[PDB]
């Protein structure tokens, strides 16, 4: 229970001063299982949206990253039909210096700046590279349908 203690610390800090763009806590009594919401940033087409994320902390946190899936549908190059996220800092840039807050914030940055060259959904990555104005338009729309 270094993991528990550290998770607990991250909760405590988060609850004292949460990032303005996200909210998260444990769902029930399993404290390795949180849920969270990302507020689509103003400086993205996902403005106004509220997106639901689930979080599973592994047993040897913080040496390995948490698992993070979107539950809410999004039109995004790096997030697929099953809410899998392609995010640098859940892969090779994980560090045990990082916290779930820091992770949640990265997901915000991802909404405002996608990486089409590391796609999880090639039609969207292609649309993004090829025809950005249409990507922008398309959620937006999906933000209204599915995140409001």
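Numbering follows the first chain given and starts at 1.
Asks: Could you check the entry and say whether 136-144 or 12-20 has the higher mean CA B-factor?
Replies: Mean C-alpha B-factor is greater for 136-144.
Asks: For the higher mean C-alpha B factor in the entry, choose 116-124 or 80-88.
Replies: Between 80-88 and 116-124, it is 116-124 that shows the higher mean C-alpha B-factor.
Asks: Residue 48's Cα B-factor: lowest, middle or highest third of the chain?
Replies: Highest third, going by the recorded CA B-factors of the chain.
Asks: Using the B-factor values recorded in the entry, state whether the Cα atom of residue 69 falls in the lowest, middle or highest third among the modelled residues of its chain.
Replies: Bottom third by C-alpha B-factor.
Asks: Rank-wise, by C-alpha B-factor, drop residue 7 into the lowest, middle or highest third of its chain.
Replies: As the PDB entry reports it, the C-alpha B-factor of residue 7 lands in the lowest third of its chain.
Asks: Test of reading the entry: by CA B factor among the chain's modelled residues, which third contains residue 38?
Replies: Tercile = lowest for this residue's CA B-factor.
Asks: Which third of the chain does residue 104 land in by C-alpha B-factor: lowest, middle or highest?
Replies: Its C-alpha B-factor belongs to the lowest third of this chain's values.
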